[PDB]
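Single chain ahead, written as structure tokens, the form deposited in one PDB entry.
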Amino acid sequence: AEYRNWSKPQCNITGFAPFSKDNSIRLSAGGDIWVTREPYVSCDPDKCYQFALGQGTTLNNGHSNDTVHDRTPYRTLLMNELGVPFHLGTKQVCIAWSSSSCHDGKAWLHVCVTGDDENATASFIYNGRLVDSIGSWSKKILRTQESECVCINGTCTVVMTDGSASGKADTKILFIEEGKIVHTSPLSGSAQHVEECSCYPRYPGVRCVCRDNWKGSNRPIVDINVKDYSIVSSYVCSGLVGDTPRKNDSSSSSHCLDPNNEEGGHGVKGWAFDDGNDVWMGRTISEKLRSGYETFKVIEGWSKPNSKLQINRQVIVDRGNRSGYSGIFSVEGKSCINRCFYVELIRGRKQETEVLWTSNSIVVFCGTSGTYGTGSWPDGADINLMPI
């Protein structure tokens, strides 16, 4: 076993093909299945795993009531092979109401945050043992990616924020070797608010596309140099912007440097990645709600400020059905590194009042250089057939 370096070119991308779906809410109506949110996917060199933050209960269970809240002492990070839904034999790998995980080629790192809002603890678990921990630096909900971290040559990097959800906060990038924090760098650059980064290897460094919860409906970019620990940041150039909420497609804009100040407050975790001067990106179909999910390429949308020339659109979830968070993960092939993404399909409160719980299922697609058709792969549960 050798460390991963991810030193292959990005695969050619013509769009995305279906990869996995867990159907977990449909299963929850006839089976004991965990209540979750904030899912993601990350793969070791052989095979992929699905992860999510449990709510310390199954769905058909009195403890599923009022699971809309994001942070409790009962949330744990669940980890199963991809496509195995979160049944009662699922391993809870750490105590977490925010997390990130990744494999360095040799073993798994988990970054797990729990405890009081004003004084949380992050644990750093590597190859099955606690190696490091830190306390909150700004006393305002220390929190992290909710998707995979990225490791090159044994140095894993993860983005964390502590501070306001609606104003200037303190973001830092940690560099971790076999579980030990070896350096911490503050965020630098023109991104003004950074949360929930979706990061990917872009050898020789790591590139992240994030959520600006304050003034941007355009997504921040954070670039991380793992050799010298330097950080740069800005915003995706595309005038078709990636956050929710956002303005409509004719009114929206980005010019790469600053938050657009267009319905910038609040947001949703999402992703994008560059392909030469173009950008591939996903977003909800609704501009206001976490409903629908579409991907497309914006021609020159990485390099040219405010480009809106899209092509190669695919519907992942039709506009009539619920989506949620989405994130990137990367998979090493024989000759190239592929990009894949998952979509959280949130069901229950507050939007759906027939039940008292909040949970989700997942759907997952991977880049292809081949061809594909059309469809829609929503959660699929009938809210009226669920236990309350």
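In case it trips you up, residue 1 is the first one in the sequence shown, and so on.
The same protein also has a form solved in complex with a partner chain, omitted here; what follows describes it.
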Name the single residue among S190, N312, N153, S164 that comes within 4.5 Å of its partner chain in the bound PDB entry, judging by heavy atoms.
-> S190
Name the single residue among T171, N213, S233, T295 that comes within 4.5 Å of its partner chain in the bound PDB entry, judging by heavy atoms.
-> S233
Does the 4.5 Å heavy atom contact test between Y229 and its partner chain in the bound PDB entry come out positive?
-> yes
Interface segment, criterion being heavy atoms within 4.5 Å of its partner chain in the bound PDB entry, picked from 286-294, 245-253, 98-106, 180-188 | 180-188
